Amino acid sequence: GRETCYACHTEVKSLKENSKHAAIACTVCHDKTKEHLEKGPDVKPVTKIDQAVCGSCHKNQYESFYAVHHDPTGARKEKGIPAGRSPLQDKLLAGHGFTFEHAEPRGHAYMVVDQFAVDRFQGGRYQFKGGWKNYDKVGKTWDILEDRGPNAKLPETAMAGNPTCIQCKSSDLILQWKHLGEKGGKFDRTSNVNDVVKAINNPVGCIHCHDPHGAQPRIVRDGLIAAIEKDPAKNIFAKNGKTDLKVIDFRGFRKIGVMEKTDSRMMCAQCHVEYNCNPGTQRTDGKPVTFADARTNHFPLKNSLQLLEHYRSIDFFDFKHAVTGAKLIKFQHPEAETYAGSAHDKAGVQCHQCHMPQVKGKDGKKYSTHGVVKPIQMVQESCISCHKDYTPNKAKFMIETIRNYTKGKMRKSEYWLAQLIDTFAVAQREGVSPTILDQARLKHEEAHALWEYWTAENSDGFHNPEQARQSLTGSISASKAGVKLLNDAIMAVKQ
């Protein structure tokens, strides 16, 4: 009786008819349909957002997403340790909530539990039931975590958590969140995050990347659609002054973007980008930017060489550095913006070919693994599958040589940023002019933007070695110029 439904749901008919999902009865994914027919539109069907329904017919994708693996080096790797990805984090991000805890990423199945449990999220309120011995448990959020309650305190935590955070950890609010988190849905940007978390039972849904109605490759992330719509000819995913995205707006309430061809650069860019999803400060007037402002659910889709101008253009910065008071941008995991225009991107390779390589399940049916892969741990399938002349050692050597050269420049950029910050403090105590301190703040802004992008980004340059070198040497140059003018100004005081 789908034609009954299709009478008032025309877009679903468009997606589903003559699709690979054509035959699937509406009842497979929607409950209370009879009540919706019999009692009218006031009584909504139930749409349970649930990987297990997709798994009933796609077991290898479902099984590989939920498969539990144990990295013998462990997880919860703080980045701000000496041998870590961001060893000078505590000094360079002084005054930012990331100083409370920032760990390396792990598997997709953990993404909700790790967002809720991190020391920077909600003052330690959410914890693993049974603690560390259950840290590898997957499945339903509230089977895994407990709520210690609103009045509990945990020392050296922060309260960075907000509803927009959840948009990059789950598909559970797809029908309960108006476009951009503007008011009108069950939840919006101004919601109490502790109401929102109760609604999040699952990590990123199968529906995040795949239309349930027709199985079309798609995106559902509001900020990513908004970015592509703002710059449809020149954005990082465009080709020929066009992007492969048809936006479907349901009821003026929620958008999807459907693509004719798989583009995992867009599918993964739903989360693996720089974003603003937090309050901040305007550069002009020093006024707060609150969750009322659309800038608190924002995808720039700009790379390291563009972001400082981009955030100046939209009159926004994240935090003042606790020492220099520089109006700093906080960068997060810009993998899509890094990958854009790199050797592999230009070759037509997409994120999924390295990170979701082909494996065989079960009997021996071929599928894309949905347990996303760390290519250095799987070079036969992530690399040699395409680079057939490569030995495993050659693949590892190529990854690690690029990471080696890039990290050399990252560490040198940190040395110089640390020097800039320490010299600034000395310049302050030597009563150097606030005019000249302001010049140094600008150099800190620039050096910071060209450095922090790369500790935030997860490849240590592999995704774009040229951009990483140009950015990080630009950071070093800016810091050296700041240190020179501060040390010059310090001579001129006592001259």
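Each residue number is its position in the shown sequence, starting from 1.
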{"query": "Stretch with the greater mean C-alpha B-factor as recorded in the entry, comparing 386-394 against 118-126", "finding": "386-394"}
{"query": "Mean C-alpha temperature factor, higher of 276-284 and 351-359", "finding": "276-284"}
{"query": "Identity of residue with top Cα B-factor, from 233, 307, 83, 103", "finding": "233"}
{"query": "Selection by C-alpha B-factor (highest) of 456, 468, 43, 447", "finding": "43"}
{"query": "Cα B factor band for residue 475 (lowest, middle or highest third within the chain)", "finding": "lowest"}
{"query": "Entry-reported Cα temperature factor of residue 69, expressed as the chain third it lands in", "finding": "middle"}
{"query": "Third of the chain, ranked by Cα B-factor, where residue 253 sits", "finding": "highest"}
{"query": "Modelled-residue ranking by C-alpha temperature factor, third containing residue 149", "finding": "middle"}
{"query": "Assigned third (lowest, middle, highest) for the C-alpha B factor of residue 364", "finding": "highest"}
